[PDB]
Amino acid sequence: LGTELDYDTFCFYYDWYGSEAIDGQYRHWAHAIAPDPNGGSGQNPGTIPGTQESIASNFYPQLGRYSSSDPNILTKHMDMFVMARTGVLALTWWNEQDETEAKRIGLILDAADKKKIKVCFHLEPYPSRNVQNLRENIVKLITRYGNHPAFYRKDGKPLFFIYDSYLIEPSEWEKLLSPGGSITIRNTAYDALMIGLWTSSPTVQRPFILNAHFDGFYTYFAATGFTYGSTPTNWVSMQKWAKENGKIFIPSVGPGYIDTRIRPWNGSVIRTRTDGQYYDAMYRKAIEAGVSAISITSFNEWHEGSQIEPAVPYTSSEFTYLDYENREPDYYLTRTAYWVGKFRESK
Ligand SMILES: OC[C@H]1O[C@H](O[C@@H]2C=CO[C@H](CO)[C@H]2O)[C@@H](O)[C@@H](O)[C@@H]1O
């Protein structure tokens, strides 16, 4: 029918939003404003309070200030994934070691399964992250969730995205990811496809990826040109290198970028949506590069303005939000479905 989910399409999902009613605070809708790293001492940037009028986004959710723990929101999000044809939800994972995290992960897996969506984890730069506690956490996640019907596998293997994987030296990664490594997961019950973050130039990244024994790489950033990896004119050559070296390249595409409510000094990174033309251009470059898998930044990173989740026009007494302009609130979901179809036609 040309409507089915694609299980080589990964959409980055954030479960960090809270409401007073469910979570005790409007978590993440309220957010600290970052000081300017070049703006000197004594800055008092303040906070966005997460009121109805003033939330930590330049856009405004159709679903309002929702809780990521609300089963009825999760249902709606899974229906949005179905509309977008995105078969894998790539869940932010911060190693919070708290019961409210555990509850949310279970709720997300359960809701996903009702719609045949799969879930993988996006391993974030949590405090003192290192290859030993990464192994322990991979073991825990596979043990806890590996028998859940929504747990993602590719040819029998789980898959993890590793954000800011450059914060760990290749000599450490080798211990976890080489078949001969001291604490290897290879050939164990806990083996997985490990997808590292390609940032800078090939001269740095090629030996990093090889020496670290990653199975593949992704680029994350929705803003074109932010890094070498997030410059789509490099994707043909990145894919050629991946194929030559038996690596999986999963370029990240997004619909735009703007984070100036939380980072007012970061205007140079703004990428305008132009009624969908930015998203179209980026998605076309990924498909044209001949890749096997694509990642989408993001479902709902509202702070960074990369979301495809529906947004509505809103002007409050405190802020005039951006909105999808000439496009309807669900445009980025249905445009994702269009591109998934083009990707499948190519695959
Ligand atoms: O956008 C604010 C957000 O920024 C950091 O999180 C990263 C932002 C986007 O994606 C990556 C990969 O998922 C995240 O690690 C972090 O400082 C958050 O605390 C903050 O809310």
# chains A, B, ... in the order shown; residues from 1 in each chain; ligands from 1

call {"tool": "residues_around", "arguments": {"residues": "residue 336 of chain A", "least_positions_apart": "4", "cutoff": "7 Å", "atoms": "only C-alpha atoms", "output": "number ranges by chain"}}
result
A: 84, 332, 340

call {"tool": "residues_around", "arguments": {"residues": "residue 11 of chain A", "least_positions_apart": "3", "cutoff": "10 Å", "atoms": "only C-alpha atoms", "output": "compact mmCIF listing (two decimals) with N, CA and C atoms, in the first residue's frame"}}
result
# COMPACT_ATOMS: atom_id res chain seq x y z
N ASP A 8 14.29 0.80 8.96
CA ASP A 8 15.63 1.36 8.80
C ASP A 8 15.60 2.89 8.91
N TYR A 14 12.63 12.17 22.73
CA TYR A 14 13.00 12.69 24.03
C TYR A 14 11.81 12.48 24.99
N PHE A 81 4.06 8.53 14.85
CA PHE A 81 5.09 7.71 14.21
C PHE A 81 4.49 6.89 13.06
N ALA A 84 4.07 9.13 10.13
CA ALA A 84 5.36 9.46 9.54
C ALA A 84 6.05 8.28 8.88
N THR A 86 7.83 6.12 10.42
CA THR A 86 9.10 5.92 11.10
C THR A 86 9.00 4.72 12.03
N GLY A 87 9.64 3.60 11.68
CA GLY A 87 9.48 2.40 12.43
C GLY A 87 10.28 2.24 13.71
N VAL A 88 11.30 3.09 13.91
CA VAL A 88 12.14 2.97 15.10
C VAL A 88 12.20 4.29 15.85
N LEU A 89 11.88 4.22 17.13
CA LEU A 89 11.97 5.32 18.07
C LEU A 89 13.30 5.17 18.81
N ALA A 90 14.18 6.17 18.64
CA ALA A 90 15.54 6.13 19.21
C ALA A 90 15.52 7.00 20.48
N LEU A 91 15.35 6.32 21.63
CA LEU A 91 15.03 6.93 22.90
C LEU A 91 16.24 7.47 23.62
N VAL A 119 11.84 0.15 19.45
CA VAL A 119 12.56 1.11 20.28
C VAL A 119 14.01 0.67 20.38
N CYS A 120 14.90 1.64 20.18
CA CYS A 120 16.32 1.47 20.51
C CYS A 120 16.74 2.62 21.41
N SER A 252 21.93 11.77 9.66
CA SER A 252 20.81 12.39 10.35
C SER A 252 20.29 13.59 9.54
N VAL A 253 18.98 13.60 9.35
CA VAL A 253 18.30 14.67 8.63
C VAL A 253 17.32 15.33 9.57
N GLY A 254 17.11 16.63 9.37
CA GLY A 254 16.13 17.35 10.17
C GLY A 254 15.48 18.47 9.42
N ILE A 294 18.47 5.75 7.71
CA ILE A 294 18.44 7.19 7.92
C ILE A 294 17.93 7.48 9.35
N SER A 295 18.49 8.50 9.97
CA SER A 295 18.01 8.95 11.27
C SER A 295 17.44 10.36 11.12
N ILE A 296 16.45 10.66 11.96
CA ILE A 296 15.73 11.93 11.91
C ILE A 296 15.90 12.65 13.23
N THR A 297 16.51 13.84 13.13
CA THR A 297 16.68 14.76 14.26
C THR A 297 15.69 15.89 14.07
N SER A 298 14.52 15.84 14.71
CA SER A 298 14.14 14.93 15.78
C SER A 298 12.62 14.75 15.77
N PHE A 299 12.12 13.80 16.56
CA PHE A 299 10.69 13.80 16.80
C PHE A 299 10.28 15.04 17.60
N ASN A 300 10.98 15.28 18.72
CA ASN A 300 10.48 16.21 19.74
C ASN A 300 11.58 16.83 20.58
N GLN A 307 12.10 19.58 15.79
CA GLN A 307 11.06 18.58 15.91
C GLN A 307 10.22 18.47 14.64
N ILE A 308 9.75 17.24 14.35
CA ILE A 308 8.70 17.01 13.36
C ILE A 308 7.33 16.86 14.01

call {"tool": "select_by_dssp", "arguments": {"residues": "segment 67-256 of chain A", "states": "strand (DSSP E)", "output": "count of residues only"}}
result
31

call {"tool": "residues_around", "arguments": {"residues": "residue 186 of chain A", "least_positions_apart": "4", "cutoff": "12 Å", "atoms": "only C-alpha atoms", "output": "NGL selection string"}}
result
:A and (135 or 157 or 174-182 or 190-194 or 213-215)

call {"tool": "closest_atom_pairs", "arguments": {"of": "chain A", "to": "ligand 1", "cutoff": "6 Å", "atoms": "only C-alpha atoms and all ligand atoms", "output": "JSON lines"}}
result
{"residue": "A:92", "atom": "CA", "partner": "ligand 1", "partner_atom_place_in_ligand_line": "13 (O)", "distance": 5.7}
{"residue": "A:124", "atom": "CA", "partner": "ligand 1", "partner_atom_place_in_ligand_line": "15 (O)", "distance": 5.6}
{"residue": "A:163", "atom": "CA", "partner": "ligand 1", "partner_atom_place_in_ligand_line": "12 (C)", "distance": 5.8}
{"residue": "A:303", "atom": "CA", "partner": "ligand 1", "partner_atom_place_in_ligand_line": "1 (O)", "distance": 4.8}
{"residue": "A:304", "atom": "CA", "partner": "ligand 1", "partner_atom_place_in_ligand_line": "1 (O)", "distance": 5.2}

call {"tool": "residues_around", "arguments": {"residues": "residue 100 of chain A", "least_positions_apart": "6", "cutoff": "12 Å", "atoms": "only C-alpha atoms", "output": "number ranges by chain"}}
result
A: 15-18, 22-24, 67-70, 106-107

call {"tool": "select_by_dssp", "arguments": {"residues": "segment 192-255 of chain A", "states": "helix (DSSP H, G or I)", "output": "ChimeraX atom specification"}}
result
/A:202-212,232-244

call {"tool": "residues_around", "arguments": {"residues": "residue 334 of chain A", "least_positions_apart": "4", "cutoff": "12 Å", "atoms": "only C-alpha atoms", "output": "PyMOL selection string"}}
result
chain A and resi 3+79-86+276+308-310+327-330+338-341

call {"tool": "write_last_selection", "arguments": {"atoms": "N, CA and C atoms", "output": "CSV table (one decimal), in the first residue's frame"}}
result
chain,number,residue,atom,x,y,z
A,3,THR,N,2.2,2.5,2.7
A,3,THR,CA,1.9,3.1,4.0
A,3,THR,C,2.6,2.5,5.2
A,79,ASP,N,0.8,7.1,17.3
A,79,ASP,CA,0.0,7.3,16.1
A,79,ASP,C,0.7,8.3,15.1
A,80,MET,N,1.4,9.3,15.7
A,80,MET,CA,2.2,10.2,14.8
A,80,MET,C,3.4,9.5,14.2
A,81,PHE,N,4.1,8.5,14.8
A,81,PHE,CA,5.1,7.7,14.2
A,81,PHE,C,4.5,6.9,13.1
A,82,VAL,N,3.3,6.3,13.3
A,82,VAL,CA,2.6,5.6,12.2
A,82,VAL,C,2.4,6.5,11.0
A,83,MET,N,1.9,7.7,11.2
A,83,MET,CA,1.7,8.6,10.1
A,83,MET,C,3.0,9.0,9.4
A,84,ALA,N,4.1,9.1,10.1
A,84,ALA,CA,5.4,9.5,9.5
A,84,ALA,C,6.1,8.3,8.9
A,85,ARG,N,5.6,7.1,9.2
A,85,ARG,CA,6.2,5.8,8.7
A,85,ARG,C,7.5,5.5,9.3
A,86,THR,N,7.8,6.1,10.4
A,86,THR,CA,9.1,5.9,11.1
A,86,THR,C,9.0,4.7,12.0
A,276,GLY,N,9.1,23.7,4.5
A,276,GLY,CA,9.5,22.3,4.2
A,276,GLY,C,10.7,22.1,3.3
A,308,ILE,N,9.7,17.2,14.4
A,308,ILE,CA,8.7,17.0,13.4
A,308,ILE,C,7.3,16.9,14.0
A,309,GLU,N,7.3,16.8,15.3
A,309,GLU,CA,6.0,16.7,16.1
A,309,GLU,C,5.2,17.9,15.7
A,310,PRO,N,3.8,17.7,15.6
A,310,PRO,CA,3.0,18.9,15.3
A,310,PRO,C,3.1,20.0,16.3
A,327,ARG,N,2.3,25.7,6.2
A,327,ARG,CA,2.0,24.3,6.3
A,327,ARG,C,1.1,24.0,7.5
A,328,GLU,N,0.3,23.0,7.5
A,328,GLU,CA,-0.5,22.6,8.6
A,328,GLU,C,0.3,21.9,9.7
A,329,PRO,N,-0.3,21.8,10.9
A,329,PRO,CA,0.5,21.2,12.1
A,329,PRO,C,1.2,19.9,11.8
A,330,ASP,N,0.5,19.0,11.1
A,330,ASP,CA,1.0,17.6,10.8
A,330,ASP,C,1.8,17.5,9.5
A,338,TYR,N,6.3,10.8,3.1
A,338,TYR,CA,6.7,11.0,1.6
A,338,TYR,C,8.1,10.6,1.4
A,339,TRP,N,9.0,11.1,2.3
A,339,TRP,CA,10.5,10.8,2.1
A,339,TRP,C,10.8,9.3,2.4
A,340,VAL,N,10.1,8.7,3.4
A,340,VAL,CA,10.3,7.3,3.7
A,340,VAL,C,9.9,6.5,2.5
A,341,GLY,N,8.9,6.9,1.8
A,341,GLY,CA,8.5,6.2,0.5
A,341,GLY,C,9.6,6.3,-0.5

call {"tool": "residues_around", "arguments": {"residues": "segment 260-271 of chain A", "least_positions_apart": "2", "cutoff": "12 Å", "atoms": "only C-alpha atoms", "output": "number ranges by chain"}}
result
A: 28-39, 45-50, 54-60, 221-227, 254-258, 273-274, 276-279, 282, 302-306, 318-322

call {"tool": "closest_residue", "arguments": {"among": "A:170, A:139, A:250, A:231", "to": "residue 158 of chain A", "atoms": "only C-alpha atoms"}}
result
A:139

call {"tool": "residues_around", "arguments": {"residues": "residue 162 of chain A", "least_positions_apart": "5", "cutoff": "10 Å", "atoms": "only C-alpha atoms", "output": "list in words"}}
result
residues 93, 121, 122, 123, 124, 125, 194, 195, 196, 197, 214, 217 and 218 of chain A

call {"tool": "write_last_selection", "arguments": {"atoms": "N, CA, C and O atoms", "output": "JSON list (two decimals), in the first residue's frame"}}
result
[["chain", "number", "residue", "atom", "x", "y", "z"],
["A", 93, "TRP", "N", 18.63, 8.37, 26.50],
["A", 93, "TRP", "CA", 18.87, 7.58, 27.70],
["A", 93, "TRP", "C", 20.00, 8.18, 28.50],
["A", 93, "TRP", "O", 21.14, 8.19, 28.06],
["A", 121, "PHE", "N", 17.91, 2.50, 22.02],
["A", 121, "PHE", "CA", 18.41, 3.52, 22.95],
["A", 121, "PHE", "C", 19.50, 4.37, 22.34],
["A", 121, "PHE", "O", 20.41, 3.90, 21.64],
["A", 122, "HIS", "N", 19.42, 5.66, 22.67],
["A", 122, "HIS", "CA", 20.38, 6.70, 22.31],
["A", 122, "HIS", "C", 21.14, 7.04, 23.60],
["A", 122, "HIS", "O", 20.62, 7.71, 24.48],
["A", 123, "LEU", "N", 22.35, 6.48, 23.71],
["A", 123, "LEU", "CA", 23.12, 6.54, 24.96],
["A", 123, "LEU", "C", 23.81, 7.89, 25.07],
["A", 123, "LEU", "O", 24.73, 8.21, 24.30],
["A", 124, "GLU", "N", 23.35, 8.68, 26.03],
["A", 124, "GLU", "CA", 23.79, 10.05, 26.22],
["A", 124, "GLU", "C", 25.04, 10.14, 27.07],
["A", 124, "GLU", "O", 25.44, 9.16, 27.72],
["A", 125, "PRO", "N", 25.68, 11.33, 27.12],
["A", 125, "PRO", "CA", 26.93, 11.51, 27.89],
["A", 125, "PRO", "C", 26.62, 11.74, 29.36],
["A", 125, "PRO", "O", 26.79, 12.83, 29.90],
["A", 194, "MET", "N", 26.85, -0.88, 17.33],
["A", 194, "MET", "CA", 27.22, 0.34, 18.06],
["A", 194, "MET", "C", 27.51, 1.41, 17.02],
["A", 194, "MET", "O", 28.44, 1.27, 16.20],
["A", 195, "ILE", "N", 26.69, 2.46, 17.05],
["A", 195, "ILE", "CA", 26.72, 3.52, 16.04],
["A", 195, "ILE", "C", 27.27, 4.79, 16.70],
["A", 195, "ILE", "O", 26.60, 5.40, 17.55],
["A", 196, "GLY", "N", 28.50, 5.16, 16.36],
["A", 196, "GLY", "CA", 29.15, 6.32, 16.97],
["A", 196, "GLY", "C", 28.86, 7.59, 16.22],
["A", 196, "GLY", "O", 28.44, 7.58, 15.08],
["A", 197, "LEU", "N", 29.15, 8.72, 16.87],
["A", 197, "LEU", "CA", 28.87, 10.02, 16.30],
["A", 197, "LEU", "C", 30.07, 10.53, 15.49],
["A", 197, "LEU", "O", 31.12, 10.87, 16.05],
["A", 214, "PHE", "N", 33.66, 0.64, 16.13],
["A", 214, "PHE", "CA", 32.22, 0.88, 15.93],
["A", 214, "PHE", "C", 31.72, 0.13, 14.72],
["A", 214, "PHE", "O", 32.44, -0.08, 13.75],
["A", 217, "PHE", "N", 28.16, 4.71, 12.03],
["A", 217, "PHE", "CA", 28.22, 6.07, 12.50],
["A", 217, "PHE", "C", 27.02, 6.84, 12.01],
["A", 217, "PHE", "O", 26.40, 6.51, 10.98],
["A", 218, "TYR", "N", 26.66, 7.87, 12.80],
["A", 218, "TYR", "CA", 25.58, 8.82, 12.50],
["A", 218, "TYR", "C", 26.12, 10.21, 12.72],
["A", 218, "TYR", "O", 27.23, 10.39, 13.20]]

call {"tool": "atom_distance", "arguments": {"atom1": "atom CA of residue 208 of chain A", "atom2": "atom CA of residue 301 of chain A"}}
result
27.9 Å

call {"tool": "atom_distance", "arguments": {"atom1": "atom CA of residue 280 of chain A", "atom2": "atom CA of residue 314 of chain A"}}
result
25.2 Å
